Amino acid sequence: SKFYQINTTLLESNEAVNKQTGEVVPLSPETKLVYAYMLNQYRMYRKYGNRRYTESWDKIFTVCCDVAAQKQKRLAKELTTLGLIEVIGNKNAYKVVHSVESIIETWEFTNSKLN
């Protein structure tokens, strides 16, 4: 395939608000592209031998962005805070990409700049 898919809600939103706590998580532009890439990769790992997704954050950010290490950590933390990416394990760690659909009971995506 010659295209990645960018989730409609994510593209059109600049933040997510926790429905239980009110916490506000800004959504950065890089995060949206990183999510699109990881979703595709997760699906490719599944298709090609049904492997769990273990691509390193470093490799992921090298493909999608050109940012400082400190920034990369912030962007990765947006993803994990929202639950779009779930890191499971420590010794045999892997990454699970979750749909936006699956976290809406917890996170309400909005665009505070639209009147």
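Position 1 is the first residue in the sequence shown; the rest follow in order.
Here the stretch with the larger average CA B-factor, out of 85-93 and 52-60, is 85-93. As listed in the deposited structure, the average C-alpha B-factor of 65-73 and of 27-35 is greater for 65-73. Per-chain ranking of the deposited C-alpha B factor places residue 106 in the highest third. Residue 9: CA B factor in the middle third of modelled residues in this chain (values from the PDB entry).
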